[PDB]
>>> print(open('target_13.txt').read())   # compact mmCIF, N, CA and C atoms
# COMPACT_ATOMS: atom_id res chain seq x y z
N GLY A 1 198.04 188.77 100.60
CA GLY A 1 198.37 189.85 101.50
C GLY A 1 199.30 189.41 102.62
N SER A 2 200.41 188.77 102.24
CA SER A 2 201.38 188.29 103.22
C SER A 2 202.62 187.74 102.52
N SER A 3 203.78 188.29 102.88
CA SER A 3 205.04 187.85 102.28
C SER A 3 205.07 186.33 102.13
N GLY A 4 204.93 185.87 100.89
CA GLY A 4 204.94 184.44 100.62
C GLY A 4 206.01 184.05 99.62
N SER A 5 207.13 183.55 100.12
CA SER A 5 208.23 183.14 99.25
C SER A 5 208.05 181.71 98.78
N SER A 6 208.95 181.25 97.92
CA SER A 6 208.88 179.90 97.38
C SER A 6 209.76 178.94 98.19
N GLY A 7 209.12 178.19 99.09
CA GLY A 7 209.86 177.25 99.91
C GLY A 7 209.08 175.98 100.18
N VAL A 8 208.13 176.04 101.11
CA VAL A 8 207.32 174.89 101.45
C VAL A 8 206.61 174.33 100.22
N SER A 9 206.64 173.01 100.08
CA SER A 9 206.01 172.35 98.94
C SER A 9 204.77 171.57 99.39
N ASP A 10 204.08 170.97 98.42
CA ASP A 10 202.88 170.20 98.71
C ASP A 10 203.23 168.89 99.40
N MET A 11 204.21 168.18 98.85
CA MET A 11 204.64 166.90 99.41
C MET A 11 205.04 167.06 100.87
N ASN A 12 205.96 167.99 101.13
CA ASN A 12 206.44 168.24 102.49
C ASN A 12 207.36 169.45 102.52
N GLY A 13 207.68 169.91 103.73
CA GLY A 13 208.55 171.06 103.88
C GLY A 13 208.99 171.27 105.32
N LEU A 14 208.12 171.91 106.11
CA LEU A 14 208.43 172.17 107.51
C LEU A 14 207.53 171.35 108.43
N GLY A 15 208.00 170.16 108.79
CA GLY A 15 207.24 169.29 109.66
C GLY A 15 207.37 169.67 111.13
N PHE A 16 208.22 168.94 111.84
CA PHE A 16 208.44 169.20 113.26
C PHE A 16 209.57 170.20 113.46
N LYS A 17 209.49 170.97 114.54
CA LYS A 17 210.50 171.97 114.85
C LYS A 17 211.90 171.35 114.87
N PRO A 18 212.88 172.07 114.31
CA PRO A 18 214.27 171.61 114.26
C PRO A 18 214.93 171.59 115.63
N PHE A 19 216.10 170.96 115.71
CA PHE A 19 216.83 170.86 116.97
C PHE A 19 218.31 171.18 116.76
N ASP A 20 218.70 172.40 117.09
CA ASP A 20 220.08 172.83 116.94
C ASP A 20 220.86 172.62 118.24
N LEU A 21 222.10 172.16 118.11
CA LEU A 21 222.95 171.92 119.27
C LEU A 21 224.39 172.32 118.98
N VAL A 22 225.07 172.85 120.00
CA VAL A 22 226.45 173.27 119.86
C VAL A 22 227.33 172.63 120.92
N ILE A 23 228.35 171.89 120.48
CA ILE A 23 229.27 171.23 121.39
C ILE A 23 229.99 172.23 122.27
N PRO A 24 230.14 171.90 123.56
CA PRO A 24 230.82 172.76 124.54
C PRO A 24 232.32 172.84 124.29
N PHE A 25 232.96 171.69 124.15
CA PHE A 25 234.40 171.63 123.91
C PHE A 25 234.72 171.96 122.45
N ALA A 26 236.00 172.15 122.17
CA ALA A 26 236.44 172.47 120.82
C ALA A 26 236.80 171.21 120.04
N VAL A 27 236.22 171.07 118.85
CA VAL A 27 236.48 169.90 118.01
C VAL A 27 236.92 170.32 116.61
N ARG A 28 237.55 169.40 115.89
CA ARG A 28 238.02 169.67 114.54
C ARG A 28 237.42 168.69 113.55
N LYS A 29 236.46 169.16 112.76
CA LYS A 29 235.79 168.33 111.77
C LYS A 29 236.78 167.35 111.13
N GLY A 30 236.47 166.06 111.22
CA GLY A 30 237.34 165.05 110.65
C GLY A 30 237.06 163.66 111.20
N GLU A 31 237.68 163.34 112.33
CA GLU A 31 237.50 162.04 112.96
C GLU A 31 236.28 162.05 113.88
N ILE A 32 235.26 162.81 113.49
CA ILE A 32 234.04 162.91 114.28
C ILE A 32 232.83 162.42 113.48
N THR A 33 231.85 161.88 114.19
CA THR A 33 230.64 161.38 113.55
C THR A 33 229.45 161.41 114.51
N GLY A 34 228.25 161.38 113.95
CA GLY A 34 227.05 161.40 114.77
C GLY A 34 225.97 160.48 114.25
N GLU A 35 225.10 160.02 115.15
CA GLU A 35 224.02 159.12 114.77
C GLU A 35 222.75 159.44 115.55
N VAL A 36 221.60 159.12 114.97
CA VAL A 36 220.32 159.37 115.60
C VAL A 36 219.45 158.12 115.62
N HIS A 37 218.83 157.84 116.77
CA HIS A 37 217.98 156.67 116.91
C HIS A 37 216.51 157.08 116.99
N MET A 38 215.75 156.73 115.96
CA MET A 38 214.33 157.07 115.91
C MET A 38 213.52 156.11 116.78
N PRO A 39 212.42 156.62 117.36
CA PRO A 39 211.54 155.83 118.23
C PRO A 39 210.76 154.78 117.45
N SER A 40 210.55 155.03 116.17
CA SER A 40 209.81 154.10 115.32
C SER A 40 210.62 152.83 115.08
N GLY A 41 211.93 152.93 115.26
CA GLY A 41 212.79 151.78 115.06
C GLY A 41 213.77 151.98 113.92
N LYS A 42 213.93 153.23 113.49
CA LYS A 42 214.84 153.55 112.40
C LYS A 42 216.03 154.36 112.90
N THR A 43 216.96 154.66 112.01
CA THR A 43 218.15 155.43 112.36
C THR A 43 218.44 156.50 111.32
N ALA A 44 219.15 157.55 111.74
CA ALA A 44 219.50 158.64 110.84
C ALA A 44 220.70 159.42 111.37
N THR A 45 221.41 160.08 110.46
CA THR A 45 222.59 160.86 110.83
C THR A 45 222.24 162.33 110.98
N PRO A 46 222.84 162.98 112.00
CA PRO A 46 222.61 164.40 112.27
C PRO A 46 223.22 165.30 111.21
N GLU A 47 223.22 166.61 111.47
CA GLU A 47 223.78 167.58 110.53
C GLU A 47 224.97 168.30 111.14
N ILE A 48 226.17 167.93 110.70
CA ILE A 48 227.39 168.55 111.20
C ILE A 48 227.78 169.76 110.37
N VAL A 49 227.59 170.95 110.93
CA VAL A 49 227.92 172.19 110.24
C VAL A 49 228.96 172.99 111.02
N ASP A 50 230.04 173.36 110.34
CA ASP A 50 231.11 174.13 110.97
C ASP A 50 230.78 175.62 110.95
N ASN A 51 230.45 176.17 112.11
CA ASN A 51 230.12 177.58 112.23
C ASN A 51 231.21 178.45 111.60
N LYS A 52 230.91 179.73 111.42
CA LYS A 52 231.86 180.67 110.84
C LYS A 52 232.80 181.22 111.90
N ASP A 53 232.77 180.62 113.08
CA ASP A 53 233.63 181.04 114.18
C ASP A 53 234.72 180.01 114.45
N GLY A 54 234.40 178.74 114.20
CA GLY A 54 235.37 177.68 114.42
C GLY A 54 234.76 176.50 115.16
N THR A 55 233.50 176.63 115.56
CA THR A 55 232.81 175.57 116.28
C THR A 55 231.89 174.79 115.35
N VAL A 56 231.16 173.83 115.92
CA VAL A 56 230.24 173.01 115.15
C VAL A 56 228.83 173.09 115.71
N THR A 57 227.84 172.82 114.85
CA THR A 57 226.44 172.87 115.26
C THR A 57 225.69 171.64 114.78
N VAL A 58 225.43 170.71 115.69
CA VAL A 58 224.72 169.48 115.36
C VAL A 58 223.21 169.72 115.32
N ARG A 59 222.67 169.82 114.11
CA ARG A 59 221.24 170.05 113.93
C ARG A 59 220.57 168.84 113.30
N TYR A 60 219.40 168.47 113.83
CA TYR A 60 218.66 167.32 113.33
C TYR A 60 217.16 167.54 113.47
N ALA A 61 216.49 167.76 112.34
CA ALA A 61 215.05 167.98 112.34
C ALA A 61 214.29 166.66 112.39
N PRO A 62 213.46 166.49 113.43
CA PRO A 62 212.67 165.27 113.61
C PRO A 62 211.55 165.14 112.58
N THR A 63 211.38 163.94 112.05
CA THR A 63 210.35 163.68 111.05
C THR A 63 209.13 163.02 111.68
N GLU A 64 209.36 162.23 112.72
CA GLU A 64 208.28 161.54 113.41
C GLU A 64 208.22 161.95 114.88
N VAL A 65 207.15 161.54 115.56
CA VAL A 65 206.98 161.85 116.97
C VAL A 65 207.58 160.77 117.86
N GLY A 66 207.72 161.08 119.15
CA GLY A 66 208.29 160.12 120.08
C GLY A 66 209.60 160.59 120.67
N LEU A 67 210.36 159.66 121.24
CA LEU A 67 211.64 159.98 121.85
C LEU A 67 212.79 159.51 120.96
N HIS A 68 213.71 160.43 120.67
CA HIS A 68 214.87 160.11 119.83
C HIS A 68 216.16 160.22 120.63
N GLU A 69 217.06 159.27 120.43
CA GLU A 69 218.34 159.26 121.13
C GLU A 69 219.49 159.52 120.16
N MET A 70 220.28 160.55 120.45
CA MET A 70 221.41 160.91 119.60
C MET A 70 222.72 160.38 120.19
N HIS A 71 223.62 159.93 119.33
CA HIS A 71 224.90 159.40 119.76
C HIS A 71 226.05 160.01 118.95
N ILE A 72 226.81 160.89 119.58
CA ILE A 72 227.93 161.54 118.91
C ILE A 72 229.26 161.12 119.54
N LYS A 73 230.23 160.80 118.69
CA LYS A 73 231.55 160.39 119.16
C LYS A 73 232.65 161.19 118.47
N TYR A 74 233.58 161.71 119.26
CA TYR A 74 234.69 162.50 118.72
C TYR A 74 236.00 161.72 118.79
N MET A 75 236.50 161.31 117.63
CA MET A 75 237.75 160.56 117.56
C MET A 75 237.64 159.26 118.35
N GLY A 76 236.59 158.49 118.07
CA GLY A 76 236.39 157.23 118.76
C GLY A 76 236.28 157.40 120.26
N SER A 77 235.57 158.44 120.68
CA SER A 77 235.39 158.72 122.10
C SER A 77 234.06 159.42 122.36
N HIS A 78 233.28 158.89 123.29
CA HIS A 78 231.99 159.46 123.63
C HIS A 78 232.16 160.83 124.29
N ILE A 79 231.22 161.74 124.01
CA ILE A 79 231.27 163.08 124.57
C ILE A 79 230.38 163.19 125.80
N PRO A 80 230.69 164.17 126.67
CA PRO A 80 229.93 164.40 127.90
C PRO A 80 228.54 164.96 127.62
N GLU A 81 228.25 165.21 126.34
CA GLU A 81 226.95 165.75 125.95
C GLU A 81 226.04 164.64 125.42
N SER A 82 226.64 163.51 125.08
CA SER A 82 225.89 162.37 124.56
C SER A 82 226.25 161.09 125.31
N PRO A 83 225.37 160.08 125.20
CA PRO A 83 224.13 160.18 124.43
C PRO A 83 223.12 161.12 125.07
N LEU A 84 222.09 161.48 124.31
CA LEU A 84 221.05 162.38 124.81
C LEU A 84 219.68 161.97 124.28
N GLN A 85 218.63 162.51 124.88
CA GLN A 85 217.27 162.21 124.47
C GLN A 85 216.44 163.48 124.33
N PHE A 86 215.67 163.56 123.25
CA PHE A 86 214.83 164.73 123.00
C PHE A 86 213.45 164.31 122.49
N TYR A 87 212.42 164.64 123.26
CA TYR A 87 211.05 164.30 122.88
C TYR A 87 210.53 165.24 121.81
N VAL A 88 209.87 164.68 120.80
CA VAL A 88 209.32 165.47 119.71
C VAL A 88 207.84 165.76 119.94
N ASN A 89 207.55 166.96 120.43
CA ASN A 89 206.18 167.37 120.70
C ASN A 89 205.45 167.70 119.40
N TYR A 90 204.12 167.60 119.43
CA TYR A 90 203.31 167.89 118.26
C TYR A 90 203.46 169.35 117.84
N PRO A 91 203.26 169.61 116.54
CA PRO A 91 203.36 170.96 115.97
C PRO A 91 202.23 171.87 116.43
N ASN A 92 202.54 173.14 116.64
CA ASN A 92 201.55 174.11 117.08
C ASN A 92 200.85 173.64 118.35
N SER A 93 201.63 173.06 119.26
CA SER A 93 201.09 172.56 120.52
C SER A 93 201.03 173.68 121.56
N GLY A 94 200.27 173.44 122.63
CA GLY A 94 200.14 174.43 123.68
C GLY A 94 199.14 175.52 123.33
N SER A 95 198.39 175.97 124.33
CA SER A 95 197.39 177.01 124.12
C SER A 95 197.96 178.39 124.45
>>> encode(input="target_13.txt", output="structure tokens")
Amino acid sequence: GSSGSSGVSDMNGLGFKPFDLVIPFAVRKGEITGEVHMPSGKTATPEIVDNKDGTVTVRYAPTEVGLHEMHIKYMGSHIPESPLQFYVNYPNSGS
């Protein structure tokens, strides 16, 4: 008795809430790259998606808890938005 589509699996699916971000300045997909520093001691790359307007949206869904530091560089140059830090709170937190 509830709209149930085929998505989430047994192994895994929707862990921690996602993190969408949009660069303030205008960039052109190409000589740009991004990196993510996990608190556990690992690393991962963000998600560079070119919006249907002409901008980009850096999205990175956290897999573990703790503090993660993102590092994005545009054409071999650090941006005024990075580096940055985002704490991963537990799921279904808060009363």
>>> atom_distance(input="target_13.txt", atom1="atom CA of residue A:46", atom2="atom CA of residue A:81")
14.4 Å
>>> closest_residue(input="target_13.txt", among="A:77, A:57, A:51, A:63", to="residue A:13", atoms="only C-alpha atoms")
A:63
>>> closest_residue(input="target_13.txt", among="A:34, A:17, A:80, A:7", to="residue A:93", atoms="only C-alpha atoms")
A:17
>>> atom_distance(input="target_13.txt", atom1="atom N of residue A:85", atom2="atom C of residue A:11")
28.0 Å
>>> atom_distance(input="target_13.txt", atom1="atom C of residue A:60", atom2="atom N of residue A:18")
6.3 Å
>>> closest_residue(input="target_13.txt", among="A:14, A:66, A:74, A:48", to="residue A:31", atoms="all atoms listed in the file")
A:74
>>> select_by_dssp(input="target_13.txt", residues="chain A", states="strand (DSSP E)", output="PDB file with N, CA and C atoms, in the frame of the given file")
ATOM      1  N   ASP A  20     218.700 172.400 117.090  1.00  0.00           N
ATOM      2  CA  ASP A  20     220.080 172.830 116.940  1.00  0.00           C
ATOM      3  C   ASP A  20     220.860 172.620 118.240  1.00  0.00           C
ATOM      4  N   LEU A  21     222.100 172.160 118.110  1.00  0.00           N
ATOM      5  CA  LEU A  21     222.950 171.920 119.270  1.00  0.00           C
ATOM      6  C   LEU A  21     224.390 172.320 118.980  1.00  0.00           C
ATOM      7  N   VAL A  22     225.070 172.850 120.000  1.00  0.00           N
ATOM      8  CA  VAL A  22     226.450 173.270 119.860  1.00  0.00           C
ATOM      9  C   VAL A  22     227.330 172.630 120.920  1.00  0.00           C
ATOM     10  N   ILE A  32     235.260 162.810 113.490  1.00  0.00           N
ATOM     11  CA  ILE A  32     234.040 162.910 114.280  1.00  0.00           C
ATOM     12  C   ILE A  32     232.830 162.420 113.480  1.00  0.00           C
ATOM     13  N   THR A  33     231.850 161.880 114.190  1.00  0.00           N
ATOM     14  CA  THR A  33     230.640 161.380 113.550  1.00  0.00           C
ATOM     15  C   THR A  33     229.450 161.410 114.510  1.00  0.00           C
ATOM     16  N   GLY A  34     228.250 161.380 113.950  1.00  0.00           N
ATOM     17  CA  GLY A  34     227.050 161.400 114.770  1.00  0.00           C
ATOM     18  C   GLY A  34     225.970 160.480 114.250  1.00  0.00           C
ATOM     19  N   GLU A  35     225.100 160.020 115.150  1.00  0.00           N
ATOM     20  CA  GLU A  35     224.020 159.120 114.770  1.00  0.00           C
ATOM     21  C   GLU A  35     222.750 159.440 115.550  1.00  0.00           C
ATOM     22  N   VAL A  36     221.600 159.120 114.970  1.00  0.00           N
ATOM     23  CA  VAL A  36     220.320 159.370 115.600  1.00  0.00           C
ATOM     24  C   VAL A  36     219.450 158.120 115.620  1.00  0.00           C
ATOM     25  N   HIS A  37     218.830 157.840 116.770  1.00  0.00           N
ATOM     26  CA  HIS A  37     217.980 156.670 116.910  1.00  0.00           C
ATOM     27  C   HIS A  37     216.510 157.080 116.990  1.00  0.00           C
ATOM     28  N   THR A  43     216.960 154.660 112.010  1.00  0.00           N
ATOM     29  CA  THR A  43     218.150 155.430 112.360  1.00  0.00           C
ATOM     30  C   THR A  43     218.440 156.500 111.320  1.00  0.00           C
ATOM     31  N   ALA A  44     219.150 157.550 111.740  1.00  0.00           N
ATOM     32  CA  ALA A  44     219.500 158.640 110.840  1.00  0.00           C
ATOM     33  C   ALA A  44     220.700 159.420 111.370  1.00  0.00           C
ATOM     34  N   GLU A  47     223.220 166.610 111.470  1.00  0.00           N
ATOM     35  CA  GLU A  47     223.780 167.580 110.530  1.00  0.00           C
ATOM     36  C   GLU A  47     224.970 168.300 111.140  1.00  0.00           C
ATOM     37  N   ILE A  48     226.170 167.930 110.700  1.00  0.00           N
ATOM     38  CA  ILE A  48     227.390 168.550 111.200  1.00  0.00           C
ATOM     39  C   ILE A  48     227.780 169.760 110.370  1.00  0.00           C
ATOM     40  N   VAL A  49     227.590 170.950 110.930  1.00  0.00           N
ATOM     41  CA  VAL A  49     227.920 172.190 110.240  1.00  0.00           C
ATOM     42  C   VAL A  49     228.960 172.990 111.020  1.00  0.00           C
ATOM     43  N   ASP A  50     230.040 173.360 110.340  1.00  0.00           N
ATOM     44  CA  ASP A  50     231.110 174.130 110.970  1.00  0.00           C
ATOM     45  C   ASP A  50     230.780 175.620 110.950  1.00  0.00           C
ATOM     46  N   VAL A  56     231.160 173.830 115.920  1.00  0.00           N
ATOM     47  CA  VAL A  56     230.240 173.010 115.150  1.00  0.00           C
ATOM     48  C   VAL A  56     228.830 173.090 115.710  1.00  0.00           C
ATOM     49  N   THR A  57     227.840 172.820 114.850  1.00  0.00           N
ATOM     50  CA  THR A  57     226.440 172.870 115.260  1.00  0.00           C
ATOM     51  C   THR A  57     225.690 171.640 114.780  1.00  0.00           C
ATOM     52  N   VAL A  58     225.430 170.710 115.690  1.00  0.00           N
ATOM     53  CA  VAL A  58     224.720 169.480 115.360  1.00  0.00           C
ATOM     54  C   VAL A  58     223.210 169.720 115.320  1.00  0.00           C
ATOM     55  N   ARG A  59     222.670 169.820 114.110  1.00  0.00           N
ATOM     56  CA  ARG A  59     221.240 170.050 113.930  1.00  0.00           C
ATOM     57  C   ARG A  59     220.570 168.840 113.300  1.00  0.00           C
ATOM     58  N   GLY A  66     207.720 161.080 119.150  1.00  0.00           N
ATOM     59  CA  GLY A  66     208.290 160.120 120.080  1.00  0.00           C
ATOM     60  C   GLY A  66     209.600 160.590 120.670  1.00  0.00           C
ATOM     61  N   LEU A  67     210.360 159.660 121.240  1.00  0.00           N
ATOM     62  CA  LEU A  67     211.640 159.980 121.850  1.00  0.00           C
ATOM     63  C   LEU A  67     212.790 159.510 120.960  1.00  0.00           C
ATOM     64  N   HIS A  68     213.710 160.430 120.670  1.00  0.00           N
ATOM     65  CA  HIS A  68     214.870 160.110 119.830  1.00  0.00           C
ATOM     66  C   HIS A  68     216.160 160.220 120.630  1.00  0.00           C
ATOM     67  N   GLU A  69     217.060 159.270 120.430  1.00  0.00           N
ATOM     68  CA  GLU A  69     218.340 159.260 121.130  1.00  0.00           C
ATOM     69  C   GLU A  69     219.490 159.520 120.160  1.00  0.00           C
ATOM     70  N   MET A  70     220.280 160.550 120.450  1.00  0.00           N
ATOM     71  CA  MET A  70     221.410 160.910 119.600  1.00  0.00           C
ATOM     72  C   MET A  70     222.720 160.380 120.190  1.00  0.00           C
ATOM     73  N   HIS A  71     223.620 159.930 119.330  1.00  0.00           N
ATOM     74  CA  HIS A  71     224.900 159.400 119.760  1.00  0.00           C
ATOM     75  C   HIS A  71     226.050 160.010 118.950  1.00  0.00           C
ATOM     76  N   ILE A  72     226.810 160.890 119.580  1.00  0.00           N
ATOM     77  CA  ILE A  72     227.930 161.540 118.910  1.00  0.00           C
ATOM     78  C   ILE A  72     229.260 161.120 119.540  1.00  0.00           C
ATOM     79  N   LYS A  73     230.230 160.800 118.690  1.00  0.00           N
ATOM     80  CA  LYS A  73     231.550 160.390 119.160  1.00  0.00           C
ATOM     81  C   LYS A  73     232.650 161.190 118.470  1.00  0.00           C
ATOM     82  N   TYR A  74     233.580 161.710 119.260  1.00  0.00           N
ATOM     83  CA  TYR A  74     234.690 162.500 118.720  1.00  0.00           C
ATOM     84  C   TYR A  74     236.000 161.720 118.790  1.00  0.00           C
ATOM     85  N   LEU A  84     222.090 161.480 124.310  1.00  0.00           N
ATOM     86  CA  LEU A  84     221.050 162.380 124.810  1.00  0.00           C
ATOM     87  C   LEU A  84     219.680 161.970 124.280  1.00  0.00           C
ATOM     88  N   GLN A  85     218.630 162.510 124.880  1.00  0.00           N
ATOM     89  CA  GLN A  85     217.270 162.210 124.470  1.00  0.00           C
ATOM     90  C   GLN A  85     216.440 163.480 124.330  1.00  0.00           C
ATOM     91  N   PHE A  86     215.670 163.560 123.250  1.00  0.00           N
ATOM     92  CA  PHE A  86     214.830 164.730 123.000  1.00  0.00           C
ATOM     93  C   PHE A  86     213.450 164.310 122.490  1.00  0.00           C
ATOM     94  N   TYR A  87     212.420 164.640 123.260  1.00  0.00           N
ATOM     95  CA  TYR A  87     211.050 164.300 122.880  1.00  0.00           C
ATOM     96  C   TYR A  87     210.530 165.240 121.810  1.00  0.00           C
ATOM     97  N   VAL A  88     209.870 164.680 120.800  1.00  0.00           N
ATOM     98  CA  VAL A  88     209.320 165.470 119.710  1.00  0.00           C
ATOM     99  C   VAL A  88     207.840 165.760 119.940  1.00  0.00           C
TER     100      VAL A  88
END
>>> residues_around(input="target_13.txt", residues="residue A:55", least_positions_apart="3", cutoff="8 Å", atoms="only N, CA and C atoms", output="VMD selection string")
chain A and resid 22 to 23 25 to 29 49 to 52 58
>>> write_last_selection(input="target_13.txt", atoms="N, CA and C atoms", output="PDB file, keeping the file's coordinate frame")
ATOM      1  N   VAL A  22     225.070 172.850 120.000  1.00  0.00           N
ATOM      2  CA  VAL A  22     226.450 173.270 119.860  1.00  0.00           C
ATOM      3  C   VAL A  22     227.330 172.630 120.920  1.00  0.00           C
ATOM      4  N   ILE A  23     228.350 171.890 120.480  1.00  0.00           N
ATOM      5  CA  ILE A  23     229.270 171.230 121.390  1.00  0.00           C
ATOM      6  C   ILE A  23     229.990 172.230 122.270  1.00  0.00           C
ATOM      7  N   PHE A  25     232.960 171.690 124.150  1.00  0.00           N
ATOM      8  CA  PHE A  25     234.400 171.630 123.910  1.00  0.00           C
ATOM      9  C   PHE A  25     234.720 171.960 122.450  1.00  0.00           C
ATOM     10  N   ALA A  26     236.000 172.150 122.170  1.00  0.00           N
ATOM     11  CA  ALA A  26     236.440 172.470 120.820  1.00  0.00           C
ATOM     12  C   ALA A  26     236.800 171.210 120.040  1.00  0.00           C
ATOM     13  N   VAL A  27     236.220 171.070 118.850  1.00  0.00           N
ATOM     14  CA  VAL A  27     236.480 169.900 118.010  1.00  0.00           C
ATOM     15  C   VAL A  27     236.920 170.320 116.610  1.00  0.00           C
ATOM     16  N   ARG A  28     237.550 169.400 115.890  1.00  0.00           N
ATOM     17  CA  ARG A  28     238.020 169.670 114.540  1.00  0.00           C
ATOM     18  C   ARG A  28     237.420 168.690 113.550  1.00  0.00           C
ATOM     19  N   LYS A  29     236.460 169.160 112.760  1.00  0.00           N
ATOM     20  CA  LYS A  29     235.790 168.330 111.770  1.00  0.00           C
ATOM     21  C   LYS A  29     236.780 167.350 111.130  1.00  0.00           C
ATOM     22  N   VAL A  49     227.590 170.950 110.930  1.00  0.00           N
ATOM     23  CA  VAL A  49     227.920 172.190 110.240  1.00  0.00           C
ATOM     24  C   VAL A  49     228.960 172.990 111.020  1.00  0.00           C
ATOM     25  N   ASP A  50     230.040 173.360 110.340  1.00  0.00           N
ATOM     26  CA  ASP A  50     231.110 174.130 110.970  1.00  0.00           C
ATOM     27  C   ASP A  50     230.780 175.620 110.950  1.00  0.00           C
ATOM     28  N   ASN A  51     230.450 176.170 112.110  1.00  0.00           N
ATOM     29  CA  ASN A  51     230.120 177.580 112.230  1.00  0.00           C
ATOM     30  C   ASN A  51     231.210 178.450 111.600  1.00  0.00           C
ATOM     31  N   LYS A  52     230.910 179.730 111.420  1.00  0.00           N
ATOM     32  CA  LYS A  52     231.860 180.670 110.840  1.00  0.00           C
ATOM     33  C   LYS A  52     232.800 181.220 111.900  1.00  0.00           C
ATOM     34  N   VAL A  58     225.430 170.710 115.690  1.00  0.00           N
ATOM     35  CA  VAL A  58     224.720 169.480 115.360  1.00  0.00           C
ATOM     36  C   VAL A  58     223.210 169.720 115.320  1.00  0.00           C
TER      37      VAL A  58
END
